[PDB]
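Once you've had a glance at the structure underneath, I'll fire off some questions.
Residue numbering begins at 1 within each chain, and the chains themselves are lettered A, B, C, D, E, F, G, H, I, J and K in the order written.
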Amino acid sequence: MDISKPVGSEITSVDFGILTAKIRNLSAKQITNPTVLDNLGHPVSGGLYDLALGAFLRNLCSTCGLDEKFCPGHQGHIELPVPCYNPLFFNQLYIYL
Amino acid sequence: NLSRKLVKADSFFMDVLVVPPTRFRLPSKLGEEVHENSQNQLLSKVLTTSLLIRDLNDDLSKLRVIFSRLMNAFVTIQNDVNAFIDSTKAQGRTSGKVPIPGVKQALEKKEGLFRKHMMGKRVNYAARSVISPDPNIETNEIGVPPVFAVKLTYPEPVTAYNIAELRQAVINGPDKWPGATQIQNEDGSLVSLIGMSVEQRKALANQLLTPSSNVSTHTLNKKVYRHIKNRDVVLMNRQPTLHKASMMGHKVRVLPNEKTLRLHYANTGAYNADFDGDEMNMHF
Amino acid sequence: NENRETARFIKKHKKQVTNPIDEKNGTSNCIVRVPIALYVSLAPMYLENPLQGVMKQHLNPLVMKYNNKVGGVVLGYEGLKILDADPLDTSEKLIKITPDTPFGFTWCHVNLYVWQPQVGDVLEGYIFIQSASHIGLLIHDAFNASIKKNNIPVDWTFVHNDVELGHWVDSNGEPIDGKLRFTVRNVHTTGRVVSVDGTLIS
Amino acid sequence: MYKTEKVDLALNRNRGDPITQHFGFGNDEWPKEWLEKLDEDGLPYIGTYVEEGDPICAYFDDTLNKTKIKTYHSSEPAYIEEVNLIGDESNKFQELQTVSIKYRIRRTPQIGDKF
Amino acid sequence: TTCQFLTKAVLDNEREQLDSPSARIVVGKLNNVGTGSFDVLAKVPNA
Amino acid sequence: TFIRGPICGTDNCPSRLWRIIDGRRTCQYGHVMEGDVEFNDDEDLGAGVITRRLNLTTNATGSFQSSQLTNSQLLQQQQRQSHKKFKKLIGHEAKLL
Amino acid sequence: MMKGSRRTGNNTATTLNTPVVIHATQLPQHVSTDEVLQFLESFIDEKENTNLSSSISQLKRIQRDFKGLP
Amino acid sequence: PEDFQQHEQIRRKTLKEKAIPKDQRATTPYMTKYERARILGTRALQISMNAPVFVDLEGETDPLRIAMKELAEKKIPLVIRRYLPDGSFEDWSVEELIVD
Amino acid sequence: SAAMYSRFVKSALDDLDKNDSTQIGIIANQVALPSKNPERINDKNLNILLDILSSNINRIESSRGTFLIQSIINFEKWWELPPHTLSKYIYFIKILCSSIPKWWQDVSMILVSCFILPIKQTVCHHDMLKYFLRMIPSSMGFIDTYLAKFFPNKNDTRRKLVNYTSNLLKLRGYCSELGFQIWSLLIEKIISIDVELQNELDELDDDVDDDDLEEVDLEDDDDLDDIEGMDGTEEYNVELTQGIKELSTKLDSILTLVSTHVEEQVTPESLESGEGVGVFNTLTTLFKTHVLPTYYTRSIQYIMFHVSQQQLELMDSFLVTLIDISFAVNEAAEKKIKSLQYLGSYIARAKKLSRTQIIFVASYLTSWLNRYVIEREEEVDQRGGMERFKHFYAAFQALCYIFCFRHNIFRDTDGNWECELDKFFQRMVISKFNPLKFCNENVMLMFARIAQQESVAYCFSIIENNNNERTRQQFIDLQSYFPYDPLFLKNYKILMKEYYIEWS
Amino acid sequence: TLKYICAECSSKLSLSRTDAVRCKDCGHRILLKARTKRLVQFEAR
Amino acid sequence: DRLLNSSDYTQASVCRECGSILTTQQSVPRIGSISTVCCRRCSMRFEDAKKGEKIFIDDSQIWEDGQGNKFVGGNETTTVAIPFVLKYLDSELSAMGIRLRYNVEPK
């Protein structure tokens, strides 16, 4: 904390809620390759260390274009083809079923 | 519901996932070898089974056993995303010592996330040491060794009244006790005073009140990170903090030729402290 | 059904106020006064003179620069009033110091006088230079305007100067003066220099 | 107080893996002042006062083509009391790749110690 | 039981008003007891 | 003492930098760079359960830069059989000797 | 690179520089040139009783542009 | 511009319903030891950022001891807003509170 | 080949209408080769490639054509083209930025970053830069940060600073709205070199340089001609050495050239309607904001000494400015003791000051000390030690600093002292404040060996008395410091020999 | 002058390249390193 | 001080419109442009020109990310002071499909 850097905005309240299946407007990474790495250590396109998900191993991120210490990281999504149920909310779907 | 939304059925089924960013999934090494992250090991097992079913839907559509190969795959793509979030939900191998605790067990324990990294944290600018008796310090004071005194620093903003004291802290530098270790410029950039000598530090010390050419940061002034002096204060502590008099605001007296923190006898009943090798946490 | 779900997006990009003409001379009035409400910080050094602290920190870096919330180039400001943090007009107001830092924060009203060109607006401008690619102009002796040759009529040509560049000849045979009336095609904020893109044709 | 660290260069090397790393100094890859604490065989002179961050033995590996040191990582300074070196018996007739080194850490009674 | 009250808070669509001292530490807010039970405001002289 | 990393900013020079309190790195002239992370996980053979084992190695005070496969193997097995001599796989040679 | 590093040096958008939010509160109502000549008299001559030197260099052109000819 | 003026109108009228006037304020006329600790901490955090100080400092270089010298001479230009748990407030000044 | 390639680069621009961007990556890649690499484009096809671009600028502006423009930007040594190829490249930059003023963000970078060269090289760098200062008024802003980003670092060679600061006061003489931001950048980064040198100076008694001859070294340079994948963690011989004999020469170079350039600016014909009012006012504000809060800084406040003595009115505009600071009731205590310290050393060590201006400072300085005679002289046996009167203990010392150096202006042949100093001092010495004990040991004893001789006041029985009676270190040292001691710099004192009074 | 010592027979010993780690008199595998005339300094305290 | 300031104080960027931390991103600018903070899921991409009587996007609502996908909108982000573990909570909660909406009402 530096006292020379004030912050004007602050959080009043937090709403809980459920992410709908329109992560498509959020996430344009689409992580589909189950292979993660290859020979000579470059992260594979589509794999779980995709460079659109943040900078990694002195590279630059494919989304924000910043290095390892300036990038926030970004959220990619795995398309499930079939609607597997949410295991938190199973006890309450089995009530309304 | 002032947004007048609709309770939809898709809230209970996961059409997709999200994958946390790479910084939250960096490779979890141990010893002196790098290993793959745990949260990818049950997120690849989801992703091979989403690749098995992607081919077998094309196998059916170009025209049996193709349904028993498909319904058995739904047994495990449900169970792998079950094992991804919870871990006590999924049976799986059932040999014992289940790997990849999943995103619930990262939150629920005594440790979890919500009691080891939110309700309790680890702090900067703190020290701990064995305490030792002293009747020559005050009752509201602590005896700070010169080991801690040349480390714990305070960002003192330089002004017109402290410039006589903060020039000497830059000229003393990191070596002498009544000294500094860093100066912070008005652009936020630090200048360490460690590798310099007396002539670099005596030059800089005369530049603490020179205004910057930059106008976006004209409000600011510099900040000397002076060492901890005799006018600072300090929170002391002990390991069972059972009441609030086990954490109190001692003033600082820096005592030379000492290697332990040093405490008066009037505080020995408030911290429930006996001088037999107890350590006290010191917060600045 | 998208006539209410997406109609805010149209209201987001519907222009609020359009630019009309003055004295029947074609030149669309792009200079306008918009009243705004700011949420600004205040230093402890201007805690004896708080109106100078809002002006020098927040409002003086805001003139002659494009502002995204008002859509024009701010030409200044007038009538600054700090809003009091107490509903009690007077001098001895009070602002609210933050808990972390020593800075305060406050709401302010001020009347900006922004210069607001939009598409289909008609403007003057002195011709600065002219090659066989484009004409560059200064609208109101301040603002870069680039009328390019694809937007210039075909029925005009480009005489070329001898040693020093080249002049311009219209249909009338007139060597044209600087004072040229055109229509805004696009307004570029690609950099810290406001670029007006224009056409001569209708 | 005495302490022994075992330096075992056969540690990460696999069972069928040939010998990569060798004690001593590789040639023409030369940081100086490593010769202050160490002998020509990549083993420390005994009696040497070692602080933290000092080279405690140097080797040369072939998968990196670099001469690298092992670092004394202990806050207490020490000396070198002994350097033993252990010959192979399971896979014989090879050179030294197990060295045990004994320190001594002197203990004057400090304020805080318990009698 | 972190992820049973979390399930109950999401099904309820419950707005955390962030006023218990265990809620403010999560969101990183000044606590509302003692020195945080009021506000300091600065009486500035000029209009 | 001065290890390699990225280059120094502040229009100072391109250089290598220097630690301060073992996890932040400063240049040779005092100026400080932004926050090296030092990935760690603690202890208590043991320490839980063994999951997997792959070939990467942390060597860059934080993230890793080692053990990338066969960037040197092309020049590994063409330097192994030059050190020892005189293999006696001899043709027209030794007619001489 | 040397013009790719230190991204915050070109940012200059801290809360001591930029206001947090700006909201218009009415609609922008069009002004007369006899106000623009009146405002730029009373604004330029009031700011000249230290930044703001390069901006008044631009307002002196615009003030003269509504009344003169270079 | 129409929603904001309606939002501003609510925001300042709600904040005027929560203000208690100077005659109807019923809290204590003393400075409740958590006010004195935050007034001195906030004023001294301003004095360290070059605030205009209204006291003759005799070579005191601690910012917190300078604020303790303004409190003794009733020279701190601050106002305490005392919140009641339904959100309403009372603005007490540092001048008229009784410092113990 | 003048007829051949005029199709090759006119149909290359058709290939940027054909929209595959192939020939862009070869033709503009050849110009991105250095000028030291002779396989580039020559001057021949540069007359040919560019005239395709100049009369057809509407057909380059695609975002894939960025490299077509990103190579013309780094076209190095464009300022050394032959004068009919030179005016053709300059004309392309004038029609690029008139078309799209997105690239003057990029081109103005390059002009400021090449003022390292002398004036004679950059006669065409300014006329491009001055063009888009007059054309583009929202370029006063971002170029002003480019002057602060690309100032030469202090570990550079000596010729960068003497020529950048020479080309930047060349800049100031054409854009006078940007001169307050010119002098604020010089004076701030002269102190950075200056203050590493007064510690380098010796003790209270200096030396002779042990040099019967001096070496300026015009030829102290080589020629102006001027990686594998990783380096490896390096090792010793940092050898962080300084040009201890070079920092004074840089300060010799810069601070004479500042005074050289300002002395052509200030003159009795620029105080009429030119930049005479502008520069002398922008330095006095910069005096009281930048140098006057630099603790213990010799050899920069001579620039204020230099301009003040070109005019008699530029003394009278600064003497009361020096008084307006040193007796401002609102300022801090150290901002007045240091200001009075600058008062007495300025009146004494100044050769061109008129005889009436010496006394009028001391007239007001005696007017302050006798208004003091009832208002605060009754507070001595009251409670509160002698630290309360440090403003009195400084203004007395500034008056006694003048009698040590300018006793012989106040006196006529008849002996009639001005303001009756022969009555004044011995009445102030016998006051309850005892101003011979609390002031500086040298200047009050230098007053003791003079006021006996010049027959004003006798005090060798009081300094004998005061030292027999026997918080403070910040006040001894603001009295020991003298702003106008003689100069460690040697090429700048040659100018100052006409301006500066020595010991005798 | 290269010097080790065998831990069994205390026979002083040199060890070159491509040698076994064995003593030459006895057949002993453990073999300890001697000390030479080299400067170390101590405050006599 | 002992929990936020001396442990994991960060000044994150939060969208005011959707109330999220992890959906924001600094934009990858035109070479004549200054980068700025933009929200991903509050942004409609530029090949959605839905047709004053015609609407043009105002040239400063258009930003681009690192690959080259153009977006429209995504502005109205602010700076708040949070701990860092609020981000690491909000990535563990999004993996559950749970969304947090931060109401940044001091505006």
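Convention: contacts are C-beta pairs under 8 Å (C-beta built on N, C-alpha and C of every residue); 3 or more make two chains touch, one makes a residue touch a chain.
*Asks:* What is the shortest path, in steps, from chain I to chain K when you may only step between chains that touch?
*Replies:* The least step count works out to 1.
*Asks:* Can you list every chain in contact with both chain A and chain D?
*Replies:* Shared contacts of chain A and chain D: B, F.
*Asks:* Taking the mean of the C-alpha atoms as each chain's centre, how many Å separate chain D from chain J?
*Replies:* Roughly 15 Å separates the two chain centres.
*Asks:* How big is the gap, in whole Å, between where the Cα atoms of chain B centre and where those of chain F centre?
*Replies:* Centre-to-centre distance between chain B and chain F: 28 Å.
*Asks:* Which whole number of Å gives the spacing of the CA centres of chain E and chain J?
*Replies:* 71
*Asks:* In angstrom, rounded to a whole number, how far apart do the mean CA points of chain J and chain K lie?
*Replies:* 68
*Asks:* Can you list the residues of chain E that touch 2 or more other chains?
*Replies:* 3, 6, 10, 13, 15, 25-27, 39-45
*Asks:* Pull out every residue in chain D that's touching 2 or more other chains.
*Replies:* none
*Asks:* By the touch rule stated above, which residues of chain F touch at least two different other chains?
*Replies:* 10-11, 28, 56, 63-64
*Asks:* Which of the residues in chain E come into contact with chain K in the complex?
*Replies:* 6, 10, 15, 25-28
*Asks:* Which of the residues in chain C end up touching chain E in this complex?
*Replies:* 42, 47-51, 81-82, 85-86, 90-97, 99-100, 104
*Asks:* Where on chain I is chain K touching in the complex?
*Replies:* Touch list, chain I to chain K: 66, 70, 102-103, 105-106.
*Asks:* Can you list the chain K residues touching chain I in their complex?
*Replies:* Going through chain K, the ones touching chain I are 30-32.
*Asks:* State the interface residues of chain A toward chain F in the complex, per the touch definition above.
*Replies:* Residue list for chain A touching chain F: 39-41, 57-58, 68-70.
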